[PDB]
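Proteins come first, then strands; the chains are lettered A, B, ... in the order of their sequence lines, and each starts at number 1. Just the heavy atoms: all of them, side chains too, but no hydrogens, waters or symmetry mates, feed the values below.
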Amino acid sequence: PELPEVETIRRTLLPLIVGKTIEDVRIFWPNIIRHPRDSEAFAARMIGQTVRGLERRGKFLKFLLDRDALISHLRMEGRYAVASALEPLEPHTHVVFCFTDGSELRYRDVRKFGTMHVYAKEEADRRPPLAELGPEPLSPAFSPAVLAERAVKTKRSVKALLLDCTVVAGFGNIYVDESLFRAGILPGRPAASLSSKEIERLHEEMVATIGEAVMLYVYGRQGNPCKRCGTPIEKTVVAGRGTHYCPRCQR
DNA sequence: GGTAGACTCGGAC
DNA sequence: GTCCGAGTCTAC
Ligand SMILES: [Zn+2]
């Protein structure tokens with residue numbers, strides 16, 4: 001799921017788990033657990049804690065318990081569900097949090113690719129994976145000035161810059177390509193080559209693109225006409241990623 | 001100390 | 001058998 005979908009998960013999951021107390025934690029793929037590194041310690045420490053809140057940072061979910069925070073990343077295909085302990089698990093279920101009321105929070109992923117870290121709440125923001133995370137794209141902390149300062153300091157492409165979690169939190173490949181199209185900027189442009197005007201426009205389109213999604217021109221549209229000018233959309237590799245752009249609209 | 005490479009995984013190709 | 005996404009860790 002991308003950032004907007006993670007926000008939807010945050011908002012929908014919270015009422016389904018708030019105030020429930022963890023009775024057991026069952027782990028079927030220990031490698032998902034990144035901290036404590038021992039999955040048995042991860043399970044043991046969560047037992048007895050009640051779920052108090054659920055926040056989002058970038059694409060991370062932060063489950064707030066009594067003492068601890070569980071920080072979860074679903075990557076491309078991870079999913080959460082709340083269901084009865086009496087019913088069979090869905091395929092590819094890797095971690096289950098069992099509550100005292102006979103319900104469960106289940107994490108599944110066909111790709112078996114996500115991560116979980118647990119720390120004392122007061123520590124979570126200063127440990128991986130949250131440490132160093134950049135500002136929320138929809139926050140005033142993500143400003144044209146912040147974007148410009150990062151851009152002038154790097155030799156990297158503008159796409160690489162936007163994909164950098166330290167620059168802006170959880171702005172995915174799809175929204176990078178869409179935002180750059182809407183701003184009229186080629187993804188392979190050196191970040192330092194952008195004018196103040198281009199930076200301002202880019203920031204504006206990033207906020208609009210992700211704001212609209214929480215409330216496609218190019219992504220996956222290679223070979224099809226641009227919706228704005230009719231030129232075939234192209235796909236190349238930029239910053240190690242599939243990259244979609246209109247070679248007329250973007251400069 | 002900025003930046004690229006290694007590392008996870010399995011469905012699609 | 002290879003490709004590919006995110007984000008952390010490793011190493012230059
Ligand atoms: Zn176009």
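More than 12 heavy atoms of other shown residues, nucleotides or ligands fall within 6.0 angstrom of atom CZ in A/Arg52.
A/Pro187 approaches A/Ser157 most closely through the heavy-atom pair O-CB, 3.6 Å.
End-to-end axis angle for the helix from B/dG2-C/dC12 to B/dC13-C/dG1, using five pairs per end and rounding to 10°, comes out at 50°.
When hydrophobic side chains of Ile, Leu, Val, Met, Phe, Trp and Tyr are connected at separations under 4.5 Å, A/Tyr217 ends up clustered with A/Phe181, A/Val218, A/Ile233.
Using a 4.0 Å cut-off between charged nitrogen and carboxylate oxygen, A/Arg45 and A/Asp68 count as a salt-bridge pair. A salt bridge is defined here as a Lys NZ or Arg NE, NH1 or NH2 lying under 4.0 Å from an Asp or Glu carboxylate O, and A/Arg10 with A/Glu7 meets this definition.
Judged by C1'-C2'-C3'-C4', the furanose ring of B/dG5 adopts a south pucker.
For the pair A/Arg75 CZ and B/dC7 P, the computed distance is 16 Å after rounding to whole Å. Remark: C1' of B/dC13 and NZ of A/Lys235 are 12 Å apart, rounded to the nearest angstrom. At whole-Å resolution of the value, CZ in A/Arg111 and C1' in B/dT8 are 12 Å apart. The separation between A/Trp29 atom CH2 and B/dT8 atom P is 11 Å, rounded to whole Å. Distance, A/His94 NE2 to B/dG10 P: 8 Å, rounded to whole Å. Residue A/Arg34 contributes atom CZ, which lies 11 Å from atom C1' of B/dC9 at whole-angstrom precision.
Applying the side chain to side chain donor-acceptor pair (under 3.5 Å) rule to A/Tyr175 yields no partners; only residues at least two apart in sequence or on another chain are considered. In this structure, A/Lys112 has no salt bridge (charged side-chain N to carboxylate O under 4.0 Å, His left out) partners at least two apart in sequence or on a different chain.
Distance check: A/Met76 CE to A/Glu2 CD gives 10.0 Å after rounding to the nearest 0.5 Å. A/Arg108 contributes atom CZ, which lies 5.0 Å from atom CD of A/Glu90 (distance to the nearest 0.5 angstrom). Here the CE-CG distance, from A/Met206 to A/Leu180, works out to 8.0 Å after rounding to the nearest 0.5 Å.
A nucleotide of DNA chain C counts as in contact with chain A when one of its atoms lies under 4.0 Å from a heavy atom; the first and last such, 5' to 3', are C/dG5 to C/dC9.
Regarding contacts with the backbone of B/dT3, a side-chain N or O of A/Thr154 is found under 4.0 angstrom from either OP1 or OP2.
Within residues 126-136 of chain A, the residues having any heavy atom under 4.0 Å from DNA chain C are, by residue number, A/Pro128, A/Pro129.
Under the 6.0 Å cut-off for aromatic ring centres, A/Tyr80 and A/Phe63 qualify, their centroids lying closer than that.
Along DNA chain B, the nucleotide nearest to A/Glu77 and the one nearest to A/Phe113 differ in position, and the one closer to the 5' end is contacted by A/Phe113.
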